[PDB]
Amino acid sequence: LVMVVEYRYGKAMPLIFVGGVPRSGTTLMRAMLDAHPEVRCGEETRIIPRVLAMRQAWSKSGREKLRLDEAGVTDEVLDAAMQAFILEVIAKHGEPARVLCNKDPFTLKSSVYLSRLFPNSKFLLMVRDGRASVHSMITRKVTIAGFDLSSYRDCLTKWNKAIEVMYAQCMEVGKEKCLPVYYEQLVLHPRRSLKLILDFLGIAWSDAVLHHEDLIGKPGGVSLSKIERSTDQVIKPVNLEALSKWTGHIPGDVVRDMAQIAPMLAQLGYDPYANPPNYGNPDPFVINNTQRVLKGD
């Protein structure tokens, strides 16, 4: 029970799951939460998404589920096992804090299940223009098993189904427990965005969430894996550079078929025919941050 004021970890504890389709601002989000003295997310565990996928497998498969039932390995047992594995990884892989958090992008495919397992956890789902997420994964070569980096159409098609699932789960979990966070809104208005999020989380304001990059390497602060692909971006302050670098890099046939390939775009408020949408007006805060990044601060 004990992580090691003495916080004890357990099924009923307050928990924050951050996720979304990779290259959707998920690391930025968790680094901003990490900056808060009362929150710790830390790096991507990688193994949590694996045990969940495993779990999601033994459910669909009839033959397998029947065998597990007849062995007394019921939902009750699997869930208890999952709970304990997850609690241990989350609780022991970084420093302790009043509010524990996990970011592993795909965990948000099982938010309904995770919410059932942890009845006081809440969920932040990152949402970013699929066209930006895909162009990111192709040009930087961030690999996802089953996405074909040689094809915009494929990656878009699989972004679409991925976020369709995650969004539906977010809706079922309910608005008290899951908040869709729009990357482009977070970049455009950090302070407005973080105000709503923390509120939603039932956690109090701290200017530190607006200065995540000053807390990199520091204690109670933000810990970054040097192998994680987002790391070189998260060291900079919230800035505007990555909003629409995708524009013009989409093959013309994919541009034509955008609404059909990615109907989730229009669902989440991205006009699939704006190249790019007008995401909004930048706060002076991120205008200034952007200006420092270009000079090299």
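Residue numbers run from 1 along the displayed sequence.
**Student:** Hey, does residue 2 show up as a hole in at least a third of the other compared models?
**Tutor:** Residue status for residue 2: no gap in any other entry.
**Student:** Going by the PDB record, how many residues of the deposited sequence fall between residue 4 and residue 5 without any coordinates: none, 1 to 3, 4 to 9, or 10 or more?
**Tutor:** Gap between residue 4 and residue 5: 4 to 9 unmodelled residues.
**Student:** Comparing 282-290 with 20-28, which stretch shows the greater average C-alpha B-factor in the deposited entry?
**Tutor:** Comparing averages over the C-alpha atoms only gives 282-290.
**Student:** Quick check on the record: does 228-236 or 249-257 carry the larger mean Cα temperature factor?
**Tutor:** Mean B over CA atoms: larger for 228-236.
**Student:** Among 183, 118, 147, 106, which residue carries the highest C-alpha B-factor recorded in the PDB entry?
**Tutor:** 118 has the highest C-alpha B-factor of those listed.
**Student:** Can you tell me which of 154, 164, 172, 129 has the highest Cα temperature factor in the record?
**Tutor:** Answer, based on the entry's C-alpha B-factors: 172.
**Student:** For residue 136, does the deposited CA B-factor place it in the lowest, middle or highest third of the chain?
**Tutor:** Ranked within chain, residue 136 CA B lands in the lowest tercile.
**Student:** So where's residue 33 on the chain's Cα temperature factor ranking, which third?
**Tutor:** It falls in the middle third of the chain.
**Student:** According to the PDB entry, is the CA B factor of residue 205 in the bottom, middle or top third of its chain, that is, lowest, middle or highest?
**Tutor:** Top third by C-alpha B-factor.
**Student:** How does residue 265 rank on Cα B-factor within its chain, lowest, middle or highest third?
**Tutor:** Lowest third, going by the recorded CA B-factors of the chain.
**Student:** Sorting by Cα B-factor within the chain, modelled residues only, which third would residue 64 end up in: lowest, middle or highest?
**Tutor:** Top third by C-alpha B-factor.
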